[PDB]
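Observations on the three-dimensional arrangement
Now for the letters of each chain:
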Amino acid sequence: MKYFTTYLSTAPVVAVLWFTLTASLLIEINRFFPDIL
Amino acid sequence: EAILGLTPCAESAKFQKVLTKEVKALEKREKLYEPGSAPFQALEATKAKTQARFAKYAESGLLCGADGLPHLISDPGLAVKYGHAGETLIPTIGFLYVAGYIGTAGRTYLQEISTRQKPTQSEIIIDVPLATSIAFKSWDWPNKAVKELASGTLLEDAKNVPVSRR
Amino acid sequence: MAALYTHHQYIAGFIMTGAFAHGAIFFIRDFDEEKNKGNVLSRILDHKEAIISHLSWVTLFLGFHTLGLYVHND
Amino acid sequence: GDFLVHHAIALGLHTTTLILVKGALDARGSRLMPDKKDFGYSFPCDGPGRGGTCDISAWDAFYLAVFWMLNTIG
Amino acid sequence: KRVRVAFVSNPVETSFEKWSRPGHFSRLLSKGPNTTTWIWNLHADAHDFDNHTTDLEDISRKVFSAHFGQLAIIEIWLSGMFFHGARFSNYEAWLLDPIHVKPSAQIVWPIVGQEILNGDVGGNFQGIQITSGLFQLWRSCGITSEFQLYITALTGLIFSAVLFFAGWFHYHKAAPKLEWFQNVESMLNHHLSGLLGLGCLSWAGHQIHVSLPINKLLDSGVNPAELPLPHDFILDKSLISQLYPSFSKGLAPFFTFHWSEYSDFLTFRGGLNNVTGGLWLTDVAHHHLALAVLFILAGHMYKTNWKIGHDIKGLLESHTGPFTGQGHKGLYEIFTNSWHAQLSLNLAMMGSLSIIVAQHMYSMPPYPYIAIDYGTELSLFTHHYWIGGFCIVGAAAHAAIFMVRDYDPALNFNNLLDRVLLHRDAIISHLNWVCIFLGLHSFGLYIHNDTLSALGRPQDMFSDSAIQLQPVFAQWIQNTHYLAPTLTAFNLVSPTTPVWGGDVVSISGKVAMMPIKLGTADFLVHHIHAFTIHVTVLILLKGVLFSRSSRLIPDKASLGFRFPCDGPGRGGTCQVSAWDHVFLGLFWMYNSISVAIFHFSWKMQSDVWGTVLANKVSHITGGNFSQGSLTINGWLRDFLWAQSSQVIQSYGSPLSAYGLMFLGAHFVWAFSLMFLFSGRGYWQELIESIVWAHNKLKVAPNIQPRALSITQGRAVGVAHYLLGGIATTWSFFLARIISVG
Amino acid sequence: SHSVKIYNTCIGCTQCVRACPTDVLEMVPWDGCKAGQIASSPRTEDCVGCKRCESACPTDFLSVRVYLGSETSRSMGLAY
Amino acid sequence: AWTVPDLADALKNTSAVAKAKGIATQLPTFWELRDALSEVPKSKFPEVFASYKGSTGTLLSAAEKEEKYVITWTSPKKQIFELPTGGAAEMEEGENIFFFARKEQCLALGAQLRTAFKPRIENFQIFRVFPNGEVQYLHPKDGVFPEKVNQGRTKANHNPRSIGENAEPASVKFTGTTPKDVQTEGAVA
Ligand code: CLA
Ligand code: CLA
Ligand code: CLA
Ligand code: CLA
Ligand code: CLA
Ligand SMILES: CC1=C(/C=C/C(C)=C/C=C/C(C)=C/C=C/C=C(C)/C=C/C=C(C)/C=C/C2=C(C)CCCC2(C)C)C(C)(C)CCC1
Ligand code: SF4
Ligand code: SF4
Ligand code: SF4
């Protein structure tokens, strides 16, 4: 590892990671507090 | 309070009909399994959640139609006068805060990298420290918005904006 | 009843496209900017990007939300 | 049900308008072709250069808008 | 000697540097982005190795190493299937009651209400019913435990790592030279005798020693818990002797050429097992062992290092007749210097093989209990048909890339390839006529029937009760295949399948297989098939033969394989490239396969699949194909409208995901028309107004928004069309056949 | 026939001339630019309308411009 | 100096003309080939086939009734080149002549002559041939290739403005002119 973090900084990796976290957060909220209308 | 010809879900018979119809389906599915087995437990969890959900809708002042399904009120005056602001009006404020935040973070990062040597390299390789700093400093985004607006730093002047032969 | 409603709305639809078509043919063949300088036609042409971008917003807003709500309900 | 379809119709009216208004307001020229008035209302394109220019004439905006109009009256 | 391993040590340094420099592989892409077009170009050009370098050795090395990566991803995918089968399935339940329990190996998590998709599939299990045939394949192998499935899934993950290793090793550490890659005779000898020969021998070994006992015991109702483990058949020969007594003679018959002593596990019965409805595994063993012998033999035919064997270049150059000039001269150089030529031939064959697989696996069901799993049968037919169609269209693509990029006139003077190109107007024009003729005399017959039906003249229709068109050759062939066991395949007991004629094979109540009869309806659909395949060849072949030039554009090759047009002059030249022919052939392959899989689904549901009571067979759609398929209205009414009830009435049930996928696919298909029917002139001018508003609020991006290219618009259009069409049929097929059958 | 016109923004790079597949354009001497040559279009009866020249031109809004017009057998690119 | 060349001087070489006619002929009808094969024994079958030398990409009836094109050049060696009408041919050492049906095919072959050979061939001349027998010399029209500036050439269809300084169509309505042809220097027909 000397340029591996720069690879992780590229747009599709950062996108996959960000969506995964944002999705995970919404899933976990919809586990704890379901059926908000 | 019944408005617009709608009944409250708490005192609607069609609402109960719907709950019965969902619970009956789950009972039919349970007949196939054995009272201790794990599919059985899954169907019980499903039924519990279902009854809980209808109970919640009942004690929320939701308003049912003739179909027996809850209906939302979107005029703000009607919503606030009859206690339905949680259906659309609060979510409005909630969406507009988060959308303003995302915009502000994005505009900020773009205005920051635009002063670099190759600004387009910082669009396909994200400056992650810079992006996290911007993401967390942007929680008070109306500060920046109203400052930019009132000062005049929000809009580019027309003389500097590329435009076609008109 | 069904036929007459359908007939007239299809005809109205074709006719409203035509009006805009012949509006474009006016702007190409018969509009001269020297004579129409400073009046409402030249002005409307001078802020055409504002018009198109705002319409583009309205379109994107309705499309997203309305297709959203239907897909949620499905 | 009436609320959703009325917003669908709104989407169709605005989107048809946007295609036709762009047609009429970009008729005389754009950035991709600043001299469009010299080619006229209807012409195929301006060739594969400048990134490619299929369907750049005002007639093509009309042609695109007719699909949206049929969908909206639909 | 001559054939030898030759390589280079440590030719490329392992570093994450270039991973952080997108576009590194291209001279142009490596300068960085300025518009959004760059991003798309980066993905479009990544695997095009012959555009990165000119060195064929460097290309060969990249190809070999990429191949290892593909094998690694396949191995992960298989390991997944075994793991899901060991840990989230009802395989052990299904093994006790194959007829009643439905196979399932995907459970869903409870969140947002999706748990409804965990349906009641049997075996005290809730989950999604699978239609891939895994469980039947596992049973045929002899796998009975979840432990065995677990072991297989772990071994496969290690094996996937090893293959990723090999790819890194053979590219970065010890990369073969071009001489190695060019040993095509060594490659053929090894791949025939080793990969296919020994592969068949090994698998016959597994069958004889593991699959045959365990299946034999299981078919006699032996409860899988109290089955012996597979080694027990190897260690204790008394177990396997009770089942097949020939084993008591051991290998002495083999070595004294008294092979008839092994005729109790190496049979030639033919037809289906009456218990499972599959082929007899003793036949399958003899089959694989005979193949082994023929493949090992075949791989001894080319010359490597020992003075025996055929030289391929000679063999090709020898076969030259009078009509054909210099004949097969020059081909050897094409097939050992052009990767694109090889990829073309290999895709055409792989595609044709997938379609043959599909047609042979429905008629001769090879796995136990797969024939009465009608969802599996429909799925596998359809799957393999689509894979085939796609590969064939790829074959055409890569042939045109060869003509544009790797054709040398000098080395092709008056051979076959040159002569082909000297009469390419005669080839296309004759193909054009045949397509018009088949169009009129086949779809014209449906239009005839529809019209005469509507005019109230049903006695004027092309029908079995009217003007008959009987498929008399196919009937002749069917009869001959049914009588074969009496003269022309004397040592065979029963015919290869019930399809040719005879009695209904029925496991429990359900029909495994039964004779498929052909009449007017079968005649019309068959000639529709011949029409749509001919048109697809017309579009693909035109693209290959006119790839370098034409009367319209004399210098097409200089423009290349993929270019949008040569401008609005000469009347307009949109879509002249060979790439644009592959694009239009995708739509015609879609139309062709779609009609074939509709034919299969309706014919099987109407005339084969059903339930038997005593001897009466009650088919799923009650024999409506023979009369109902003779008009377009009947295809719309009795197939599309009627059989679509299951998918549109699936909400609120465990089949509701198919309902959502059905609507979603209609959506994606219609979305594709925005790309196919418009052009980028409009979009680039609309993006100019949007860029205005970003500019005015000082939030315009430095990578300048551009509308997609012409080619990319076409690519997006055909991708979303093919995805939306195929997924629609997938939803409709699975929801129907999972409900009714 | 199509009409090909040259405007005074030409910089005499000769790229259009090189691009043309039916020899319509040539370079003639001029004094309006550093290269001392302008493009010209004598043989526009042979122009097929491909617009390859306009793709080659590097000036901001092209100095060469092809206006499509009436079709002939030459402009329609017909070998019959 | 340079004078306008003649096709007659090129067409004197009867072998090169024979070859040109051989290659610009259409492939025979199946009936005719059947008859040719019918008149020989089996050993002579490839000779019959070797007597055809054309393709389906060559001249049709328009060439006879409207105009054809001729390219001539001289090669230093005998080499295989690619025809713009599909297929391959051999250029001989010395004079080559080839007939085509469009000017674009001629110049395509010319472009190949100037790029794809190691001693580059620069000496091709292209002529247009009418049915009556008039031969018009086409390219290179003045001896110098058109990408090279040559004295004596004049400006054709020059507009002495930028493209933004054209008039509006609405200003020349019912007058019979367009904005693009106003004040054009060297306006050809
Ligand atoms: C900083 C990001 C940013 C900001 C502040 C804006 C702001 C705006 N956009 Mg733009 N847009 C953006 C990104 C952005 N956009 C991107 C990435 C795209 C390509 C998909 C577009 C495509 C687009 C179109 C087609 C249109 C707009 C329009 C608009 C205007 C009206 C609001 C709207 O339509 O939202 C809609 C926004 C979208 C459809 C894009 C989603 C933007 C994402 C969700 C946020 C930014 C993502 C970015 C990667 C964040 C990285 C930040 C991090 C590194 C710190 C408003 C000025 C409309 C307009 O012109 O109004 C007059 C209009 O038609 N935008
Ligand atoms: C009073 C109404 C009216 C009038 C007087 C005009 C007049 C004109 N229009 Mg306008 N236009 C109109 C309404 C009108 N239009 C409408 C409603 C639309 C929207 C559809 C348009 C859209 C339009 C466009 C896009 C264009 C014009 C153009 C023109 C001009 C030339 C038309 C031409 O050459 O036709 C001759 C055309 C035909 C003979 C083609 C007929 C096509 C038929 C009708 C298709 C029908 C299908 C089939 C036959 C149905 C049969 C049933 C089936 C079962 C067999 C002319 C000035 C053109 C122009 O040149 O301006 C530059 C131009 O490009 N018009
Ligand atoms: C179902 C078919 C279909 C759909 C969905 C669209 C959608 C659109 N059209 Mg297109 N169009 C179509 C057919 C369609 N068109 C056809 C047949 C033609 C004739 C050629 C056109 C011609 C046309 C023109 C000329 C124009 C449009 C425009 C639009 C945009 C209007 C904006 C809007 O309404 O909502 C917003 C967007 C949507 C509703 C679609 C987004 C889809 C989902 C919501 C996005 C989420 C995806 C999800 C996360 C999964 C990701 C995928 C995954 C694999 C990664 C929208 C993108 C106009 C436009 O761009 O104005 C700005 C415009 O000018 N259309
Ligand atoms: C063994 C099979 C095989 C191999 C090794 C190749 C190899 C190649 N192909 Mg060939 N080809 C094949 C089969 C194959 N092809 C098939 C089956 C077809 C018909 C579809 C083609 C048609 C074809 C064309 C038309 C072209 C190539 C080209 C190429 C080259 C570059 C590919 C590239 O960079 O794309 C990078 C990969 C992508 C951009 C991925 C695209 C993703 C697709 C569009 C969608 C996949 C959908 C997915 C399955 C499901 C939905 C996903 C979900 C998110 C919704 C490369 C040499 C190109 C070339 O010119 O090289 C000279 C080229 O133009 N191929
Ligand atoms: C239903 C839609 C449709 C129809 C009818 C056609 C029809 C045709 N396509 Mg097109 N095509 C289509 C959609 C369609 N296409 C689409 C969506 C695309 C993708 C973009 C294409 C892309 C495409 C390509 C790339 C090609 C075709 C070709 C063809 C022609 C095939 C030859 C033929 O069968 O002629 C026979 C005509 C028909 C079958 C049409 C119906 C004729 C009816 C039944 C007869 C009419 C009544 C008549 C007056 C009766 C006389 C006899 C009676 C009195 C006894 C045919 C005209 C091919 C072609 O031209 O090759 C020769 C070709 O190469 N098509
Ligand atoms: C409600 C109501 C009312 C009122 C009414 C109103 C207010 C109305 C309005 C209306 C309107 C307000 C309408 C409108 C419409 C519009 C349109 C429809 C438009 C169009 C246009 C166009 C298409 C154009 C074109 C053009 C162009 C593009 C260019 C130039 C030329 C021209 C101009 C031609 C009352 C009180 C009586 C009663 C109660 C109810
Ligand atoms: S593909 Fe587009 S740019 Fe090219 S000729 Fe056709 S319309 Fe014109
Ligand atoms: S359009 Fe084509 S033929 Fe005409 S001048 Fe330009 S390059 Fe030459
Ligand atoms: S017209 Fe354009 S391409 Fe031609 S010489 Fe002038 S500048 Fe160069």
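- cryo-EM is the method the PDB entry lists for this structure, together with a resolution of 2.83 Å.

1. Brief notes about the coordination of the magnesium atom of ligand 3
- Of all protein atoms, just one serves as a donor to the magnesium atom of ligand 3, and that atom is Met-674 of chain E (SD), at 2.5 Å.
- On the secondary structure map, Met-674 of chain E appears in helix α27 (residues 656-677).

2. Describing the UniProt feature "transmembrane region" in chain A
- The positions that UniProt labels "transmembrane region" are, in the present scheme, residues 7-27 of chain A.
- Secondary structure across residues 7-27 of chain A divides into 90% helix and 0% strand, with the first and last C-alpha atoms of the span separated by 28 Å.

3. A short note on the side chain of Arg-28 of chain D
- Note that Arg-28 of chain D resides in the loop between α1 (2-25) and α2 (58-73).
- Judged by relative accessible area, which is 12%, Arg-28 of chain D ranks as buried.
- Reaching out from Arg-28 of chain D, the side chain makes a polar contact with the backbone oxygen of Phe-31 of chain C at a distance of 3.3 Å.
- The contact partners of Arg-28 of chain D, leaving out residues within four places of it in the chain, are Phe-27, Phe-31 and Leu-45 of chain C, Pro-34, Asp-35, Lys-36 and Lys-37 of chain D together with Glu-168 of chain G.

4. With respect to α2 of chain D
- Taking 1.5 Å of rise per residue, 16 residues should cover 22 Å, and α2 of chain D covers 23 Å from first to last C-alpha, within 8% of that figure.
- Restricting attention to buried positions, one finds in α2 of chain D the residues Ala-58, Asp-60, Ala-61, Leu-64, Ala-65, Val-66, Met-69 and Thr-72 of chain D.
- On its buried face, α2 of chain D sits against α1 (2-29) of chain C, α1 of chain D together with α27 and α28 (680-696) of chain E.

5. Some details on the sheet that holds strand β5 (residues 125-129) of chain G
Residue and element names in this part refer to chain G.
- The strand order β4-β1-β5-β6 describes an open sheet built from four strands, whose pairing is antiparallel. On the outer flanks of this sheet lie β4 (94-100) and β6 (135-139), each paired with one strand and no other. Each neighbouring strand pair of the sheet contributes to a mean axis angle of 25°, computed without reference to strand direction.
- One ladder, built from four bridges, connects β5 with β6; its direction is antiparallel. Each bridged residue has a counterpart across the sheet, and for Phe-127 the counterpart in β6 is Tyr-137.
- Of the strands in this sheet, β1 (68-75) and β4 are in contact with helix α2 (residues 14-23), which crosses β4 at around 30°.

6. A word on the packing of helix α18 (residues 424-440) of chain E against helix α21 (residues 520-545) of chain E
Residue and element names in this part refer to chain E.
- Running from amino to carboxyl end, α18 crosses α21 at an angle of 155°, the nearest separation of the two axes being 9 Å. With respect to α21, the element α18 is oriented roughly antiparallel. Seen from above, α18 lies across α21 with left-handed handedness. Here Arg-424, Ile-427, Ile-428, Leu-431, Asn-432, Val-434, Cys-435, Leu-438 and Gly-439 of α18 lie close against α21, whose contacting residues are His-527, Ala-530, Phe-531, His-534, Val-535, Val-537, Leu-538, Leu-541, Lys-542 and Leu-545.
- Looking at the contact of α18 with α21, its residues break down into 13 nonpolar, four polar and two charged.

Rules used in this analysis
- Residues numbered from 1 in each chain as written, not as in the entry; some residues may be left out.
- Chains lettered and ligands numbered in written order.
- Part of a larger assembly, values for the part shown.
- Heavy atoms only, no water.
- Donors = N, O, S within 2.8 Å, 3.2 Å for Na, K, Ca; no water.
- Helix = DSSP H or I, 4+ residues; strand = E, 2+ residues; numbered from the N terminus.
- UniProt positions renumbered as here; feature names shortened; annotations may be inferred.
- Buried < 20%, exposed > 50% of the residue type's maximum accessible area, 1.4 Å probe, protein only.
- Polar contact = N/O pair within 3.5 Å; in protein donor to acceptor, adjacent residues only side chain to side chain.
- Contact = heavy atoms within 4.5 Å.
- Expected span 1.5 Å × (residues − 1).
- Pairing = 2+ DSSP bridges.
- Axes fitted to C-alpha atoms, helices over the stretch in contact; angles between N-to-C directions.
- Parallel < 35°, antiparallel > 145°, perpendicular 65-115°, else oblique.
- Left-handed = near helix turned anticlockwise from the far one by under 90°.
- Nonpolar A, V, L, I, M, F, W, Y, C, P; charged D, E, K, R; others polar.

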